[PDB]
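Working notes for the structure below.
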There are 4 protein chains.
Amino acid sequence: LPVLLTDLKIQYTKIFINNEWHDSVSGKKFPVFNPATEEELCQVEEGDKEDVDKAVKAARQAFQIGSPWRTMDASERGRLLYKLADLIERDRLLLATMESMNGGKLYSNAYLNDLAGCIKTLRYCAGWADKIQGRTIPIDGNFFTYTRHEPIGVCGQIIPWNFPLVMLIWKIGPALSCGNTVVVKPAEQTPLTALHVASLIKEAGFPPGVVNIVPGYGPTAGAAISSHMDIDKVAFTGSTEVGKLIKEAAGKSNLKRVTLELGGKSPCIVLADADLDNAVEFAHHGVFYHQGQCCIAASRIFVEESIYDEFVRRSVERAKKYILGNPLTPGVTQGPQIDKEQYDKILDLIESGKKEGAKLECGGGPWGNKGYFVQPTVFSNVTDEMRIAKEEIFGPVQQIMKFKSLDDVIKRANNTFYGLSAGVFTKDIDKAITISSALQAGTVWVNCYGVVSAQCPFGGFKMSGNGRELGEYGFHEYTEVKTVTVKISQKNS
Amino acid sequence: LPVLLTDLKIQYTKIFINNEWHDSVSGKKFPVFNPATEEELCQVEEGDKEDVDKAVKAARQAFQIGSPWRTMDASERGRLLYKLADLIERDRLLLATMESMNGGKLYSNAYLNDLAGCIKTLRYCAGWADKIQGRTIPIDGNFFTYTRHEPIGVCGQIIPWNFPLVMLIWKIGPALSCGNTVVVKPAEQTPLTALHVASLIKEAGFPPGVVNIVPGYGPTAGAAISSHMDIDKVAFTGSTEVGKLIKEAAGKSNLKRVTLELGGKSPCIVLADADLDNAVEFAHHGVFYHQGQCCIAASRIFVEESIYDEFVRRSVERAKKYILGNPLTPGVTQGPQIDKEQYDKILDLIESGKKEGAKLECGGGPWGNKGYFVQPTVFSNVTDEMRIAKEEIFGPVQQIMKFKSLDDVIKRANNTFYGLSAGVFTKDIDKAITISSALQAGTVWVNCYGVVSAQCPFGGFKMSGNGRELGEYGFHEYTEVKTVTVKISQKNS
Amino acid sequence: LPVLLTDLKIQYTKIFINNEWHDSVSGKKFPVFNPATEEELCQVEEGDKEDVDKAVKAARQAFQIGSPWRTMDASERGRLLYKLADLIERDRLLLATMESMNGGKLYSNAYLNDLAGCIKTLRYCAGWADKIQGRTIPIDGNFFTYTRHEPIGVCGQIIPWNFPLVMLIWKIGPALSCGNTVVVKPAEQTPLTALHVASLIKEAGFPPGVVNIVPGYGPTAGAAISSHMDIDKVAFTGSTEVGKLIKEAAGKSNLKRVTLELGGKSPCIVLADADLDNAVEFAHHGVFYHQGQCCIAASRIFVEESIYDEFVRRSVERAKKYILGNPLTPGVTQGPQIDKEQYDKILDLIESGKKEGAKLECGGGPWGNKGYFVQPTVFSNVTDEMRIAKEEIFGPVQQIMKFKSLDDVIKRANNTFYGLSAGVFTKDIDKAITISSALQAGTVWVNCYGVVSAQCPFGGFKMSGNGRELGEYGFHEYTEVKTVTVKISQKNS
Amino acid sequence: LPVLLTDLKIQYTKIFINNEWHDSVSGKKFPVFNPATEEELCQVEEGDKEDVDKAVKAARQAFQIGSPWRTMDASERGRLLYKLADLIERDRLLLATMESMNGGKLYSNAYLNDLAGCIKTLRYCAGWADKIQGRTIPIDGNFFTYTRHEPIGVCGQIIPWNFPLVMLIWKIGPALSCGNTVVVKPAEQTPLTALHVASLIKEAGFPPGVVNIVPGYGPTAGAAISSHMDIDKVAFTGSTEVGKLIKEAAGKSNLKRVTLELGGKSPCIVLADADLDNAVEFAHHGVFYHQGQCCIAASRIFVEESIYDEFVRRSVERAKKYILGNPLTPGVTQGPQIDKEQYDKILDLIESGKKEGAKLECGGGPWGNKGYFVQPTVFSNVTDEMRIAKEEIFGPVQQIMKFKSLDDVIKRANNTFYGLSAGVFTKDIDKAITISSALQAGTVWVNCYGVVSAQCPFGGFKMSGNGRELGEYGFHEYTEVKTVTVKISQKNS
Ligand SMILES: NC(=O)c1ccc[n+]([C@@H]2O[C@H](COP(=O)([O-])OP(=O)(O)OC[C@H]3O[C@@H](n4cnc5c(N)ncnc54)[C@H](O)[C@@H]3O)[C@@H](O)[C@H]2O)c1
């Protein structure tokens with residue numbers, strides 16, 4: 001069971017460059033807030049273009065040929081990553097409590113799901129460190145040809161606020177495993193866990209300048225990271241508008257490599273032959289997980305007509321059993337929304353759903369005076385023209401849509417520009433294989449949902465992002481291929 | 001549709017060495033018979049130890065460093081294989097007719113299933129020719145390490161009689177693609193198609209000595225191939241007893257590499273939720289294909305109790321629709337057995353099945369005065385202790401067994417020393433995945449049977465054989481890994 | 001030897017959509033000229049936004065689920081590619097002559113290097129067609145996870161004029177092999193060979209709409225291809241400025257995948273221990289190949305000080321043996337420049353080199369009143385600040401630079417924003433590996449130059465492009481990964 | 001620096017079955033001796049056929065479907081291997097001292113070379129644990145086909161005495177990583193370190209029965225392991241005669257998979273252009289490492305004629321600087337031989353070399369009254385017909401042979417039935433590549449020797465073994481491929 005949380009004292013609130021702690025060049029500090037109580041946790045140094053510039057200088061120096069990080073053995077890189085994972089596991093309680101407090105997330109989920117995933121991903125990347133290999137090629141003519149997979153260079157990574165630690169680890173695992181150096185920009189809502197992890201990275205024994213962390217504001221620091229000319233690759237997780245902005249900024253400077261992890265409107269199809277209890281439980285989990293603040297949240301629940309009513313009824317009942325309170329309080333299953341802006345956005349989208357004429361089963365309003373709490377909400381009879389069926393709500397709002405024919409529901413689920421995930425619930429094998437082949441989603445789950453692991457590559461199809469993460473194919477993205485061809489006297493098979 | 005067969009004239013009946021035709025040293029020639037009418041086709045030169053030694057000398061000389069075959073480009077090897085496949089496709093009619101006459105197999109099956117499979121396998125291997133690659137390894141220390149996949153050397157291959165052309169192609173495809181040279185020994189029952197293919201190989205433009213064919217008797221020629229010290233690898237397809245002898249002989253001399261493909265008592269499980277018509281059709285196809293002369297033939301049809309009777313009834317009716325006659329005759333679907341020894345063995349096994357007390361539904365006796373025809377036969381109420389449930393009949397005899405609980409049938413199907421194949425018929429995803437995981441078979445088929453393609457690796461568990469064929473893993477077997485490590489001044493990631 | 005060229009009649013001058021020939025919507029036709037004689041070959045239909053839109057509609061319809069191209073077997077795609085390659089080999093003479101006339105390239109080089117490379121690349125892609133595979137993943141929990149590599153969708157490809165057929169094949173090989181559909185835009189200078197290949201594609205038996213070709217002007221047709229919302233991927237080969245524009249336009253529209261091939265200022269290092277004759281011959285070949293109109297042309301010839309003088313002298317002698325004349329004339333080694341704009345650009349760059357104070361050893365002016373011919377040119381004592389040492393000349397101009405220290409020359413060669421290729425000439429084993437590791441180029445040659453093959457991946461590092469082509473890693477670029485995870489009752493190792 | 005050794009107390013001297021310590025069924029115990037002083041260390045239980053049978057029963061029960069080891073996650077297997085490696089690193093001193101005492105090996109080499117290699121190999125295998133993957137195959141027809149790589153089953157491993165811990169780890173790393181269960185038979189000379197590691201394995205938390213260790217005599221316990229029918233695979237490291245016997249015995253029983261790691265007569269070619277000091281140092285190291293008791297020991301030192309004499313002189317001087325004494329004593333560079341039988345065999349081979357007429361430079365006789373020490377020995381003018389040039393001496397005896405032509409020395413080095421290793425010393429890239437391609441050895445070193453790491457596969461070519469170890473290809477050997485093909489309604493690319 002999770003261990004009781006203790007007093008939280010925050011000491012790391014600065015810019016982490018060259019294994020040192022620097023104040024911002026301008027000298028400005030922005031506050032950070034607690035969603036559960038609307039209180040300032042602390043102040044954090046505000047990074048801008050100068051800080052990003054000096055961080056990139058430090059990383060570029062650390063990436064030079066002959067530097068301690070470039071001549072280091074790959075097995076040693078894996079060893080360093082394992083030591084970092086062990087250090088994280090040592091401080092599991094403090095990191096979980098900081099994640100819960102800062103990001104307004106349930107302590108049990110911030111302990112048994114977040115840090116476990118972080119540790120597993122770190123250890124997986126550490127295992128992959130010394131096992132990615134080039135090739136030897138049977139080229140025509142008297143030649144000996146091979147290909148090496150080298151680190152790309154300097155990678156600038158932009159983290160979202162919904163999973164600070166998990167996304168941070170997913171960004172700095174494959175990057176450090178392949179040998180790159182990173183300058184990371186955490187979200188302005190949740191910058192603390194990344195700074196503590198930076199202190200742990202310094203303790204672990206990474207060479208100075210390998211990992212640098214600049215906390216600031218996205219429009220200034222993130223733009224500087226994306227428009228920098230000395231940065232070789234940029235990885236970004238967030239909204240599609242900022243994703244387009246990042247892509248265009250990269251197109252305007254240095255033609256750097258770009259990896260995007262944008263959002264999506266994930267459908268969850270339930271067929272007449274599916275197990276009803278499992279389907280209900282996993283649909284509720286898919287839409288209501290982490291207060292609905294997930295990129296892969298099942299927002300459009302397609303349910304076959306013959307079992308529609310019953311499903312809806314049970315769904316309603318489940319939404320009533322959800323309890324809403326302070327994250328650190330035991331027994332709660334839903335915490336507050338991240339900040340006031342998303343809170344007001346969710347309220348506006350719920351009101352728009354009511355205005356467009358969608359049946360309201362449970363919820364549909366705010367909860368509590370202090371904090372940002374929204375009641376679990378269910379919208380039935382959602383048509384394809386409603387805004388709640390098109391725009392990513394990113395909140396605890398569930399839509400239940402009806403269908404009769406399989407081809408029609410396939411065309412409906414593929415009728416979007418979001419291709420991040422999909423879910424199919426059925427007992428048949430032919431239906432499962434056919435639907436999983438037909439759907440245009442980066443990940444298709446069958447009889448389950450929200451199942452992510454470090455091994456399986458993850459990404460979006462159409463506009464949910466470019467590239468994949470968490471896998472051998474994910475590790476492919478952080479390396480550059482160099483081909484060497486040597487003229488030899490004579491070749492033999 | 002298949003094109004009408006023509007007159008057959010057989011010219012190639014000698015030993016094929018160094019792209020030449022040699023009489024055997026002993027001067028002895030053994031006849032070859034036609035199963036349909038019991039007539040001598042022609043006399044074929046009888047290979048022996050001296051002929052095998054001569055062929056091995058030729059192949060070893062053709063494998064020397066700097067020889068035309070060793071300096072040849074891999075793409076050129078693929079080009080030669082494609083030319084061989086086009087030449088085979090040019091002579092599809094003559095090869096199909098020769099296969100039908102020699103092996104006693106239906107002309108339609110010899111044309112639409114054998115030649116097509118040979119062509120597809122040859123083209124697949126030709127594609128693989130120049131795409132197998134070594135690796136570059138991140139070894140510790142200031143070293144640069146890579147690995148090359150080289151041809152093993154001389155490979156002696158022993159072919160069965162049930163699929164002469166198909167097995168010959170499966171042997172000389174991966175071997176020639178990886179650059180090896182082959183000395184093959186065809187079955188004494190069906191030597192002619194391999195000799196015609198040898199003539200085609202000479203026409204295609206392979207360097208002399210790359211492919212050598214020695215037709216003879218297994219105890220003399222096959223043993224000489226297996227006991228030879230110059231031969232580097234031996235591949236053998238045939239019975240388990242001869243395979244045991246081959247493995248022991250290889251252990252005695254030269255410690256050569258051994259690949260064994262042996263038979264098996266393949267189960268075929270049909271569950272209550274399976275589609276009855278498809279299950280009946282594919283079980284009938286699986287047991288009765290090629291007069292049951294297949295290594296993967298479904299010999300133990302486990303059928304769930306609640307649907308037992310009905311299934312049996314339908315099965316019986318299907319076995320009555322089988323027509324037995326001359327292979328070249330249109331409209332026939334079953335030909336004669338390969339030779340009289342197997343014919344009498346099948347009759348003895350049927351009589352023993354009758355004696356042990358298994359219900360006889362259809363067949364159980366010979367057909368026709370001239371030929372080696374056995375009526376299609378069905379045995380019901382087959383228990384685990386019966387000999388027909390333990391010994392590979394290799395004839396058109398079908399056993400139907402009853403079960404109730406899934407775990408019991410799993411233990412029954414795994415209670416054997418054969419692991420070649422299996423088959424599951426069901427409409428449920430969970431049952432399909434569970435059974436396919438829990439079965440100890442090299443290939444598991446769900447809702448189908450007898451589906452073999454050049455892309456998927458093929459092999460057996462337990463005593464069914466060692467190694468795999470027809471795939472990247474199959475191409476792994478015909479290569480040897482050489483690791484080269486070079487001391488360098490300094491290494492960088 | 002190359003067969004004698006014959007008369008040329010050009011019938012294919014329209015837009016190729018849905019295996020049909022359409023006039024442009026506007027109705028305008030632009031002429032195409034012959035560099036050797038400055039004569040109009042014929043008028044070609046001028047494609048614009050409407051033509052691109054209807055071609056993309058046709059391709060999208062051809063890519064629909066259940067269409068003939070999507071249900072077709074991968075082996076059948078390989079078969080179609082092989083048939084296309086055979087059809088090309090049948091019309092080798094006409095295609096070589098058309099390439100020589102349109103692109104102003106030597107007939108011997110067109111017949112022996114362009115057509116052979118196209119055929120080899122097509123056959124290599126056809127082999128790769130049915131051998132790219134997903135994976136099965138040992139995910140945690142009672143789950144079964146696999147990954148499929150599907151075609152991306154519609155791919156718009158933009159071809160340069162220096163290697164029309166070769167680049168066209170390098171584009172439509174990996175795209176059709178993975179199952180995608182293509183809308184290609186040929187260069188306005190050389191559109192004819194692509195149209196003839198389109199007619200051959202129709203003859204081969206590809207389904208309608210799989211391949212579409214729109215000839216036009218880049219600022220109108222290429223921009224419409226790069227900004228189209230429906231198009232899934234864009235591949236572009238050309239100048240860095242247009243590539244920057246393509247990247248920005250893709251960032252503005254639906255965030256399509258982008259592959260870029262851009263030029264570079266490739267260095268060629270010659271050390272004191274290198275074989276002088278081979279180094280001289282291959283440096284001359286590297287810089288002067290195809291009138292210097294190559295992306296990988298060795299523009300900066302670094303030569304060690306102690307062997308500088310002699311090398312230069314020998315180089316001068318070689319440049320005097322180069323003969324300049326009409327491409328179809330036998331015995332010529334250099335043809336005309338592609339068009340007047342590049343011709344004047346080359347003359348201006350030569351004059352600027354003269355002005356900045358580089359020693360002129362041979363050439364430096366035009367040859368011939370009729371045509372676009374520039375004498376082979378040699379510039380010695382080139383310093384790092386001269387424009388001829390920074391700006392890609394794309395003409396028969398050679399720069400010879402001097403160095404003394406290995407580290408300094410490494411820094412000089414890496415002191416650029418181009419990373420396309422590099423060349424090292426030495427007899428040592430430590431120097432070769434050290435320099436090949438230390439150079440920031442996408443392809444490093446040792447003791448050779450200009451060695452390209454379908455097997456080895458090809459691409460640029462910093463601003464020479466993104467991604468790779470011609471290889472397994474190249475085939476990785478044209479596929480999208482879909483992860484399917486199924487909840488199972490129980491998993492076993 | 002190595003830490004000072006302490007008092008050694010040995011408590012583990014029994015048979016390790018089902019995470020328990022059992023006395024032998026017979027009740028007999030054989031002593032174990034210390035080579036340095038010829039003293040009994042302790043008595044170890046003597047395993048025979050009954051003990052092997054019950055160990056195989058325990059392992060087979062542990063391998064059953066649904067058992068804790070089979071349902072365990074692959075990441076958990078890697079975690080267990082990492083915990084075992086950490087436990088070994090905790091007891092580095094005791095294990096190093098036990099290895100030094102039992103095997104008569106230098107304490108500094110036992111600490112800085114054996115324990116480090118064991119830890120690195122264990123961590124490498126633990127990383128590989130959850131990263132080996134099946135495939136999904138584009139099979140023809142409306143089918144979905146994939147392949148899983150399952151554990152083979154029960155593996156019986158036979159360890160030599162030269163590197164007890166290192167070979168034990170090389171055996172139980174890939175076996176446990178792929179999920180198999182092991183019954184291991186250690187050498188009768190050095191059984192103690194394996195027993196201590198077994199106790200550590202029990203402490204780490206492996207399920208009972210996963211690892212079982214039976215110490216005994218090779219002719220009885222090893223034969224029982226190799227002839228057992230319930231055993232699925234056998235891996236054996238040792239002499240070629242016993243390997244031949246193992247292969248034949250396996251061919252007589254249940255056709256189990258066989259992996260052999262036999263000996264070799266490794267050449268070491270030194271060319272005129274090689275660095276003399278590095279060549280001398282690494283040749284001396286290669287021949288004299290671990291008292292010459294290595295499978296890859298460079299026994300035939302081919303040196304080019306023009307630099308022969310000088311090399312020999314320097315070699316002689318190096319052999320005089322070797323110091324012979326007790327292993328635990330600091331400063332010593334050579335310990336005693338393993339036991340008296342090998343000691344007398346080495347003396348007999350030295351005497352035979354003297355008799356056949358080979359010039360004796362240094363050594364050639366015994367050293368010390370108590371112990372099994374042999375003086376470092378150098379034999380010059382060794383011809384191809386001498387027994388010292390053919391038979392693996394396995395002792396500190398060095399042969400120096402002369403050559404003049406590269407082709408002749410290539411033929412000489414390939415004129416043998418051993419193919420384990422080779423070494424080339426040169427400063428030329430063309431010579432290095434040519435010789436490394438031409439040599440028939442499983443591992444070719446350039447300008448170095450005796451460089452082994454967990455990443456690079458290791459094995460012999462002709463009669464030095466069958467298979468590879470320590471790498472992805474090495475991990476291929478411990479898995480079986482199962483192909484699953486499912487009939488689907490319709491397939492799409
Ligand atoms: N492969 C090459 O030909 C190549 C490689 C590197 C450098 N270059 C440079 O290219 C110069 C010649 O310029 P060029 O444009 O005639 O050849 P190019 O190779 O740059 O051709 C660019 C391609 O993109 C198209 N295009 C043009 N403008 C476009 C636009 N605004 N948007 C989208 N597509 C557009 C063109 O039709 C052509 O197919 C040479 O002087 C050389 O320096 C060419």
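As a basis for the values below, the full set of heavy atoms in this structure was taken, side chains included, without hydrogen atoms, waters or symmetry mates. Start at 1 and go down the list; that is how both ligands and their atoms are numbered. In what follows, chains carry the letters A, B, and so on, assigned in the order in which the sequence lines appear, proteins first and then strands, with residues in each chain numbered from 1.
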Requested in this report: Applying salt bridge (charged side-chain N to carboxylate O under 4.0 Å, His left out), run through C:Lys355 and C:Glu351 and close with a yes or a no.
Outcome: CA-CA 6 Å; C:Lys355 290 296 175 55; C:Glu351 188 59 39; 3.7 Å; yes
Query - Worked check of ring-ring contact (aromatic ring centres under 6.0 Å, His included) between C:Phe394 and C:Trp161 - result: CA-CA 12 Å; C:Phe394 233 68; C:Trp161 39 260; 5.6 Å; yes
Report summary line: When every non-hydrogen atom of C:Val154 is compared with those of C:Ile231, the smallest separation belongs to O-CG2, 3.8 Å
**Report entry** Close residues, ligand 1: non-hydrogen atom nearer than 4.0 Å
**Finding:** C:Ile158, C:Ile159, C:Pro160, C:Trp161, C:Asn162, C:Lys185, C:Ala187, C:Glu188, C:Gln189, C:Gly218, C:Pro219, C:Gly222, C:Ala223, C:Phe236, C:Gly238, C:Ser239, C:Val242, C:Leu245, C:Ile246, C:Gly263, C:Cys295, C:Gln342, C:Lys345, C:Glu392, C:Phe394
Query - Shortest non-hydrogen contact between A:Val258 and A:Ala250, atoms and distance - result: CG2-CB, 3.6 Å
Report task. Decide whether C:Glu46 and C:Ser24 meet the rule of one side-chain donor and one side-chain acceptor closer than 3.5 Å. Result -> no
Query raised in the report: Just by modelled atom types, is the C:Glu45 backbone N or O under 3.5 Å from a matching donor or acceptor in the C:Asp23 side chain?
Result: no
